[PDB]
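Residue numbers (the authors' numbering), protein chains in the order written: chain L, 1367 to 1416; chain B, 1215 to 1264; chain E, 1468 to 1669; chain H, 659 to 860.
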């Protein structure tokens, strides 16, 4: 969906400009049911950095 | 290129009671649902809306 | 490059074409080209972009290939950026290619064409500091190209490096900054050679 | 038995004895419910007004719910009060704690000689108990006052699972024939210790 594009831009805009802060982008399927929030946060806390 | 995490793809634990998680969404029902889910797992959370 | 690849009929679609020193461009355009023209179209206007439909309807041979070239976008990190500025500058960065790609598809100039290439930077694959609006523009065009490609149209977004011919002899410093970051220029004709044969076949 | 501390004969004696005490509780006038409030919140509400005294914190299976059991009159008015504060609450089920200190004398009339008749031996590996949340010592295991605390006191399952994960247990296997114990294990384990340290449940 083209209207999502500012989210991918803003993610990379953080990665190079506040480089001490950890962050991640997760892209969901837009039509399947969304997963349990503990699955999302769980796999994200395994990344140091970005 | 997208690589599947078929190797080691298991979530692991959330990092203990160091502080709250803030959830903001376009949908109040989604924000509330994830705040209920984090409560079941003993993680403190706050719901935010526009 | 179009001359080197034997393009017999060529048209330039941008406001620069009747205010810049294009006599050198027309002079290299003496090779291989049998008909050469300039529209002086303002691509910000949908009514003026629609005037480009005459270029396929006229007694000249029909339109079969399109190249929208790289564009300037101003500097900006996340600081000095806000919900008033962003909605102006992202619109400015995208208005042209979006309205052209739309109108050309609405009246069959798209699909009635073997290649249709939209410019973006290779720097936008990992992204970079100080270029937020340009990153957003390249992301949006990367999505818009796929939307039409899945419909059966040979539209491609090219994330190119800097064109070597675009390194101004008056000021190498924009290339020096990128050279330290490890992005190096290449000839635009060689980047076109490595991509423009592909969209109908891969 | 799995820890090697009892023979199959000792285990068969002890289970069949504890079963008869369990009948006397299950057949009684009392009740139990679950409320989506933590031990501090429910133990505070236990003091917050005098009308609701008569039921107690029977289990701590997870951070998110605790079990209230005792007199059916206390159970009913506790359950209403938390829906008025805005939490979710289960329907009533049978009693899960002793209902009189007379029942303690009814149990102590049974377990003492039976427990003293078991051929206990020192554990091969650490045995954790929902009466303690801690390793049982060889001098403690031999006392009928340990085994009777399952009917008297809180079922402290969360504190047991927490000591498994402080003590380096990476993977946690569930013999889920009744009570679905792998579910409470995952929800009590997955929010404590370092981030991203492994946790397998099956």
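No residue lacks a Cβ here, since even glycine has one placed at the ideal position from N, Cα and C.
For residue i, tell me which candidate among the options has the shortest Cα-Cα distance.
i                       : options                        : result
residue 765 of chain H  : H:843, H:809, H:859, H:834     : H:809
residue 1568 of chain E : E:1588, E:1626, E:1614, E:1523 : E:1614
residue 1545 of chain E : L:1394, L:1370, L:1385, L:1367 : L:1385
residue 736 of chain H  : H:717, H:762, H:690, H:822     : H:690
residue 1575 of chain E : E:1604, E:1529, E:1535         : E:1529
residue 683 of chain H  : H:722, H:696, H:716, H:755     : H:755
residue 1556 of chain E : E:1642, E:1596, E:1484, E:1541 : E:1541
residue 772 of chain H  : H:829, H:659, H:660, H:672     : H:672
residue 1632 of chain E : E:1537, E:1512, E:1479         : E:1537
residue 717 of chain H  : H:800, H:849, H:776, H:791     : H:791
Using the Cα positions of residue i and residue j, report the straight-line distance between them to the nearest angstrom.
i                       : j                       : result
residue 705 of chain H  : residue 699 of chain H  : 10 Å
residue 813 of chain H  : residue 1215 of chain B : 51 Å
residue 1580 of chain E : residue 1664 of chain E : 13 Å
residue 831 of chain H  : residue 1407 of chain L : 23 Å
residue 1383 of chain L : residue 1374 of chain L : 15 Å
residue 667 of chain H  : residue 675 of chain H  : 12 Å
residue 1477 of chain E : residue 1504 of chain E : 7 Å
residue 1598 of chain E : residue 1254 of chain B : 42 Å
residue 854 of chain H  : residue 843 of chain H  : 17 Å
residue 1402 of chain L : residue 1251 of chain B : 8 Å
residue 820 of chain H  : residue 723 of chain H  : 16 Å
residue 1497 of chain E : residue 1470 of chain E : 8 Å
With respect to the beta strand (DSSP E) encompassing residue i, which residues constitute its N-terminal and C-terminal limits?
i                       : result
residue 727 of chain H  : 724-728
residue 801 of chain H  : Residue 801 of chain H -> no beta strand (DSSP E), and no H or E assigned at all.
residue 1260 of chain B : 1259-1262
Quick check on DSSP: helix, strand or coil for residue i?
i                       : result
residue 1238 of chain B : strand
residue 1627 of chain E : strand
residue 1615 of chain E : helix
residue 809 of chain H  : helix
residue 1400 of chain L : coil
residue 788 of chain H  : coil
residue 1622 of chain E : strand
residue 1543 of chain E : strand
residue 1494 of chain E : helix
residue 674 of chain H  : helix
residue 1577 of chain E : coil
residue 1374 of chain L : helix
Have a look at the DSSP bridge pairing and note the partners of residue i.
i                       : result
residue 831 of chain H  : Paired residues: none, contrary to the question.
residue 1477 of chain E : E:1503
residue 1582 of chain E : E:1532
residue 751 of chain H  : H:690
residue 715 of chain H  : H:726
residue 1653 of chain E : E:1630
residue 1588 of chain E : E:1627
residue 858 of chain H  : H:829
residue 793 of chain H  : H:786
Taking the alpha helix (DSSP H) that residue i belongs to, which residues open and close that run?
i                       : result
residue 816 of chain H  : 815-824
residue 1563 of chain E : 1552-1573
residue 1509 of chain E : Residue 1509 of chain E -> no alpha helix (DSSP H), and no H or E assigned at all.
residue 758 of chain H  : Neither: residue 758 of chain H is in no alpha helix (DSSP H) and is coded neither H nor E.
residue 1419 of chain L : What the structure shows of chain L is the stretch from 1367 to 1416, and residue 1419 of chain L is not part of that stretch, so it cannot be assessed.
residue 1641 of chain E : 1640-1647
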